[PDB]
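Undergrad: Contents of upload.pdb (PDB, C-alpha atoms (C1' of nucleotides)) are given next:
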```pdb
ATOM      1  CA  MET W   8       0.000   0.000   0.000
ATOM      2  CA  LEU W   9       3.047   2.328   0.221
ATOM      3  CA  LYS W  10       3.793   4.807  -2.623
ATOM      4  CA  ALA W  11       6.553   7.098  -3.853
ATOM      5  CA  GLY W  12       6.465  10.876  -3.476
ATOM      6  CA  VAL W  13       7.713  12.147  -6.891
ATOM      7  CA  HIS W  14      10.068   9.336  -8.069
ATOM      8  CA  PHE W  15       9.608   7.462 -11.402
ATOM      9  CA  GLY W  16      13.309   7.145 -12.517
ATOM     10  CA  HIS W  17      16.486   9.171 -11.928
ATOM     11  CA  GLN W  18      20.005   9.077 -13.548
ATOM     12  CA  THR W  19      22.264   6.465 -15.256
ATOM     13  CA  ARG W  20      25.944   5.745 -14.164
ATOM     14  CA  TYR W  21      27.337   8.024 -12.537
ATOM     15  CA  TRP W  22      27.868   5.033 -10.204
ATOM     16  CA  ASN W  23      28.791   3.846  -6.719
ATOM     17  CA  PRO W  24      28.450   0.095  -5.967
ATOM     18  CA  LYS W  25      27.416   0.965  -2.320
ATOM     19  CA  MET W  26      24.152   2.500  -3.703
ATOM     20  CA  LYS W  27      23.089  -0.685  -5.546
ATOM     21  CA  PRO W  28      21.075  -1.943  -2.445
ATOM     22  CA  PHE W  29      18.644   1.027  -2.817
ATOM     23  CA  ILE W  30      18.160   0.532  -6.619
ATOM     24  CA  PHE W  31      15.350  -1.765  -7.691
ATOM     25  CA  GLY W  32      16.377  -1.856 -11.413
ATOM     26  CA  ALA W  33      16.232   0.310 -14.570
ATOM     27  CA  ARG W  34      13.749   1.900 -17.083
ATOM     28  CA  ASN W  35      15.425   2.641 -20.478
ATOM     29  CA  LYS W  36      18.922   2.412 -18.767
ATOM     30  CA  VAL W  37      17.911   5.037 -16.100
ATOM     31  CA  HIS W  38      17.720   3.690 -12.510
ATOM     32  CA  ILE W  39      14.585   3.337 -10.303
ATOM     33  CA  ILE W  40      14.665   3.063  -6.445
ATOM     34  CA  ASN W  41      13.142   0.428  -4.141
ATOM     35  CA  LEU W  42      10.160   1.541  -1.963
ATOM     36  CA  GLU W  43      11.018  -0.751   1.015
ATOM     37  CA  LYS W  44      14.656   0.489   1.151
ATOM     38  CA  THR W  45      13.872   4.208   0.787
ATOM     39  CA  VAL W  46      10.327   5.070   2.079
ATOM     40  CA  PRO W  47      10.657   3.630   5.688
ATOM     41  CA  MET W  48      14.044   5.372   5.971
ATOM     42  CA  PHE W  49      12.602   8.683   4.712
ATOM     43  CA  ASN W  50       9.634   8.371   7.162
ATOM     44  CA  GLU W  51      12.182   7.858  10.001
ATOM     45  CA  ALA W  52      14.333  10.742   8.733
ATOM     46  CA  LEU W  53      11.552  13.347   9.313
ATOM     47  CA  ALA W  54      10.568  11.707  12.645
ATOM     48  CA  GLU W  55      14.135  11.735  14.105
ATOM     49  CA  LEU W  56      14.872  15.213  12.753
ATOM     50  CA  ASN W  57      11.772  16.480  14.673
ATOM     51  CA  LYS W  58      12.819  14.471  17.796
ATOM     52  CA  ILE W  59      16.237  16.195  17.854
ATOM     53  CA  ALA W  60      14.413  19.548  17.518
ATOM     54  CA  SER W  61      12.015  18.601  20.407
ATOM     55  CA  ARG W  62      15.242  17.891  22.447
ATOM     56  CA  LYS W  63      16.354  21.486  21.666
ATOM     57  CA  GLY W  64      19.134  20.095  19.371
ATOM     58  CA  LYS W  65      21.103  22.481  17.165
ATOM     59  CA  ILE W  66      20.232  22.160  13.447
ATOM     60  CA  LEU W  67      22.671  22.944  10.579
ATOM     61  CA  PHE W  68      21.512  23.295   6.908
ATOM     62  CA  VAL W  69      23.809  23.400   3.818
ATOM     63  CA  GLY W  70      22.382  25.324   0.816
ATOM     64  CA  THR W  71      25.509  25.574  -1.456
ATOM     65  CA  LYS W  72      23.435  25.835  -4.751
ATOM     66  CA  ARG W  73      22.065  29.181  -5.995
ATOM     67  CA  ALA W  74      18.270  28.614  -5.675
ATOM     68  CA  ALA W  75      18.824  27.627  -1.958
ATOM     69  CA  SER W  76      21.604  30.138  -0.986
ATOM     70  CA  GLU W  77      18.961  32.453   0.666
ATOM     71  CA  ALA W  78      16.148  30.056   1.623
ATOM     72  CA  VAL W  79      18.775  28.222   3.784
ATOM     73  CA  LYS W  80      19.255  31.361   5.916
ATOM     74  CA  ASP W  81      15.905  31.246   7.854
ATOM     75  CA  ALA W  82      13.272  28.760   9.051
ATOM     76  CA  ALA W  83      10.749  31.392  10.406
ATOM     77  CA  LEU W  84      10.716  33.358  13.726
ATOM     78  CA  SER W  85       9.109  30.452  15.602
ATOM     79  CA  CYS W  86      12.259  28.339  14.799
ATOM     80  CA  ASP W  87      16.103  28.151  15.226
ATOM     81  CA  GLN W  88      18.305  26.890  12.326
ATOM     82  CA  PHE W  89      22.044  27.414  11.569
ATOM     83  CA  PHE W  90      23.429  27.596   7.976
ATOM     84  CA  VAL W  91      26.225  27.433   5.355
ATOM     85  CA  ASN W  92      25.258  29.065   2.001
ATOM     86  CA  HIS W  93      28.442  29.513  -0.122
ATOM     87  CA  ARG W  94      31.822  28.697   1.537
ATOM     88  CA  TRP W  95      33.471  26.730   4.403
ATOM     89  CA  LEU W  96      36.376  27.177   6.889
ATOM     90  CA  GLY W  97      38.809  24.255   7.434
ATOM     91  CA  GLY W  98      38.197  22.434  10.746
ATOM     92  CA  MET W  99      35.035  24.507  11.642
ATOM     93  CA  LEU W 100      33.406  21.425  13.214
ATOM     94  CA  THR W 101      36.304  19.105  14.374
ATOM     95  CA  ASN W 102      38.654  21.970  15.264
ATOM     96  CA  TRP W 103      35.774  24.279  16.431
ATOM     97  CA  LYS W 104      37.707  24.577  19.763
ATOM     98  CA  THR W 105      40.200  26.681  17.718
ATOM     99  CA  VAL W 106      37.748  28.132  15.081
ATOM    100  CA  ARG W 107      35.881  29.729  18.060
ATOM    101  CA  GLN W 108      38.663  32.318  17.777
ATOM    102  CA  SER W 109      37.489  32.914  14.135
ATOM    103  CA  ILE W 110      33.866  33.197  15.398
ATOM    104  CA  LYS W 111      35.040  35.680  18.083
ATOM    105  CA  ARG W 112      36.825  37.610  15.266
ATOM    106  CA  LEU W 113      33.325  37.970  13.618
ATOM    107  CA  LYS W 114      31.396  38.542  16.963
ATOM    108  CA  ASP W 115      33.803  41.436  17.407
ATOM    109  CA  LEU W 116      32.003  43.152  14.421
TER     110      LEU W 116
ATOM    111  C1'   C N   1      98.874  21.664  30.574
ATOM    112  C1'   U N   2      93.771  20.172  28.658
ATOM    113  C1'   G N   3      88.178  25.373  26.028
ATOM    114  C1'   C N   4      87.084  18.974  21.406
ATOM    115  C1'   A N   5      86.290  17.882  30.028
ATOM    116  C1'   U N   6      83.432  22.561  31.768
ATOM    117  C1'   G N   7      80.279  27.410  34.033
ATOM    118  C1'   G N   8      80.817  32.422  32.504
ATOM    119  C1'   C N   9      82.153  35.531  28.174
ATOM    120  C1'   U N  10      82.852  36.873  22.699
ATOM    121  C1'   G N  11      82.683  35.853  16.946
ATOM    122  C1'   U N  12      80.256  34.195  11.721
ATOM    123  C1'   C N  13      76.489  33.073   7.729
ATOM    124  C1'   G N  14      73.099  37.950   8.443
ATOM    125  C1'   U N  15      70.290  41.192  10.541
ATOM    126  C1'   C N  16      69.501  36.008   6.194
ATOM    127  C1'   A N  17      63.902  35.009   7.233
ATOM    128  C1'   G N  18      63.969  31.772   9.445
ATOM    129  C1'   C N  19      62.865  28.287  14.368
ATOM    130  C1'   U N  20      58.637  26.145  17.059
ATOM    131  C1'   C N  21      53.958  24.890  20.133
ATOM    132  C1'   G N  22      48.603  23.765  20.728
ATOM    133  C1'   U N  23      44.623  21.790  17.973
ATOM    134  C1'   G N  24      42.210  19.208  13.533
ATOM    135  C1'   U N  25      43.731  16.067   9.162
ATOM    136  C1'   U N  26      47.362  12.681   6.765
ATOM    137  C1'   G N  27      51.411   8.357   6.827
ATOM    138  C1'   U N  28      53.049   2.109   9.672
ATOM    139  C1'   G N  29      56.618   5.834  10.589
ATOM    140  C1'   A N  30      60.588   9.454   9.880
ATOM    141  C1'   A N  31      57.556  13.467   8.874
ATOM    142  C1'   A N  32      54.298  16.404   6.096
ATOM    143  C1'   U N  33      49.780  19.822   6.385
ATOM    144  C1'   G N  34      50.447  24.476   8.766
ATOM    145  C1'   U N  35      55.619  27.315   7.525
ATOM    146  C1'   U N  36      54.514  25.104   0.372
ATOM    147  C1'   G N  37      51.504  27.501  -3.930
ATOM    148  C1'   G N  38      49.667  32.494  -6.387
ATOM    149  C1'   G N  39      50.143  38.103  -6.542
ATOM    150  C1'   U N  40      53.309  41.243  -3.689
ATOM    151  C1'   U N  41      57.402  42.516  -0.189
ATOM    152  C1'   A N  42      62.853  44.959   2.920
ATOM    153  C1'   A N  43      60.771  40.132   5.007
ATOM    154  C1'   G N  44      57.012  33.317   7.244
ATOM    155  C1'   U N  45      56.074  41.272   4.850
ATOM    156  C1'   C N  46      51.140  42.142   3.132
ATOM    157  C1'   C N  47      46.824  40.301   0.321
ATOM    158  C1'   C N  48      44.657  35.495  -1.892
ATOM    159  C1'   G N  49      43.742  30.512  -1.592
ATOM    160  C1'   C N  50      43.627  25.156  -0.284
ATOM    161  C1'   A N  51      42.325  20.377   5.362
ATOM    162  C1'   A N  52      44.161  23.197   7.769
ATOM    163  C1'   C N  53      42.569  26.522  12.382
ATOM    164  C1'   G N  54      45.231  29.539  15.632
ATOM    165  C1'   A N  55      49.327  30.913  18.827
ATOM    166  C1'   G N  56      54.709  31.731  20.610
ATOM    167  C1'   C N  57      59.895  33.581  19.188
ATOM    168  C1'   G N  58      62.643  36.120  15.229
ATOM    169  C1'   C N  59      61.083  39.666  11.368
ATOM    170  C1'   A N  60      58.271  45.727  11.164
ATOM    171  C1'   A N  61      57.997  48.963  15.564
ATOM    172  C1'   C N  62      59.623  49.931  20.731
ATOM    173  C1'   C N  63      66.245  51.904  21.705
ATOM    174  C1'   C N  64      70.029  55.924  19.273
ATOM    175  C1'   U N  65      70.504  60.169  16.119
ATOM    176  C1'   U N  66      68.857  63.791  12.744
ATOM    177  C1'   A N  67      65.786  66.708   8.983
ATOM    178  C1'   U N  68      60.771  71.012   9.533
ATOM    179  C1'   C N  69      57.099  74.288  10.881
ATOM    180  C1'   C N  70      54.465  76.612  15.136
ATOM    181  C1'   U N  71      54.976  78.746  20.333
ATOM    182  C1'   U N  72      57.508  80.217  24.803
ATOM    183  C1'   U N  73      62.219  80.665  26.950
ATOM    184  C1'   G N  74      68.322  80.937  27.927
ATOM    185  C1'   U N  75      74.446  80.529  30.391
ATOM    186  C1'   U N  76      80.255  82.130  29.567
ATOM    187  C1'   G N  77      76.888  80.787  22.756
ATOM    188  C1'   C N  78      73.351  84.791  19.857
ATOM    189  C1'   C N  79      72.120  90.242  18.680
ATOM    190  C1'   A N  80      66.139  92.013  15.024
ATOM    191  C1'   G N  81      63.860  95.942  18.077
TER     192        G N  81
END
```
The structure in this file should be written as structure tokens.
TA:
Amino acid sequence: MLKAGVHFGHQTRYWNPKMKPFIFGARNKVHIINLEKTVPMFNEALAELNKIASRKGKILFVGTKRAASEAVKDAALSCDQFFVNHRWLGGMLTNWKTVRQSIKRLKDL
RNA sequence: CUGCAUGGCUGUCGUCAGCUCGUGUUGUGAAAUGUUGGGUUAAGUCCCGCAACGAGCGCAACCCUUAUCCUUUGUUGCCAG
């Protein structure tokens, strides 16, 4: 009884063997994805993302493509969402305990 | 006597831009990345960039001298009124 959102077929190869488990087959050489290996995982994805937000968890979005470079910057006044829209800084997550000096250099503004 | 057994004290490349630490990444490791590259500089200097982000020392400056205007003043130097 489950159904796909918008999918009917998407891309050729352009390959990674690790993605084969999600791919049900092909339609005129273009690949089609398996409902049972994508839909339950996508249902969980929006459930767990909301659970982290209910636990006051800090959310980061990446919008590094032009039609998203401004939409990524806000999730309405009733919300809290961090962003990257164009460019990165090396170690800004794993070396954040040093890049906090770079953040202070901008908080100084 | 022995500074090729030593503390202290003093040269030279050179006043050349170079020597390191914390963190994150890499490699089995030595170590690299950083500190290389690009434009630029007196220069690891100043901009740019990239898995590197920052910091410490040297480097510029702080020490010494001299060049000018403006204002007030002075011995045994000066002399416009």
Undergrad: Rounded to one decimal place, report the atom CA of residue W:56-atom CA of residue W:76 distance in Å.
TA: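 Computing the Euclidean distance for atom CA of residue W:56 and atom CA of residue W:76 yields 21.4 Å.
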Undergrad: Do you have the atom CA of residue W:58-atom CA of residue W:86 distance handy?
TA: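 Separation between atom CA of residue W:58 and atom CA of residue W:86: 14.2 Å.
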Undergrad: Counting only C-alpha atoms (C1' of nucleotides), which residues in chain N sit no more than 6 Å from chain W? For each one, give the nearest pair of atoms and the distance in Å, sorted by chain then residue number, as JSON lines.
TA:
```
{"residue": "N:24", "atom": "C1'", "partner": "W:102", "partner_atom": "CA", "distance": 4.8}
{"residue": "N:51", "atom": "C1'", "partner": "W:97", "partner_atom": "CA", "distance": 5.6}
{"residue": "N:52", "atom": "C1'", "partner": "W:97", "partner_atom": "CA", "distance": 5.5}
{"residue": "N:53", "atom": "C1'", "partner": "W:106", "partner_atom": "CA", "distance": 5.8}
```
Undergrad: I need the residue nearest residue W:9 from this list: W:38, W:46, W:28, W:59. Use all atoms listed in the file for the distance.
TA: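 Under the stated criterion, the closest residue is W:46.
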Undergrad: Mind pulling up the distance from atom CA of residue W:39 to atom CA of residue W:15?
TA: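 Computing the Euclidean distance for atom CA of residue W:15 and atom CA of residue W:39 yields 6.6 Å.
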Undergrad: Assuming the chain letters and numbering stay as they are in my file, what does the PyMOL selection byres ((chain W and resi 11) around 10) actually select? List them as a list in words.
TA: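 Expected selection for the PyMOL selection byres ((chain W and resi 11) around 10) here is residues 9, 10, 12, 13, 14, 15, 40, 41, 42, 45 and 46 of chain W.
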Undergrad: Written as a list in words, which residues does the PyMOL selection byres ((chain W and resi 66) around 8) give for the file shown?
TA: residues 60, 64, 65, 67, 68, 87, 88 and 89 of chain W
Undergrad: Please write as a VMD selection string the full residue list that the PyMOL selection byres ((chain N and resi 39-43) around 12) yields on this file.
TA: chain N and resid 15 to 18 37 to 38 44 to 49 58 to 60
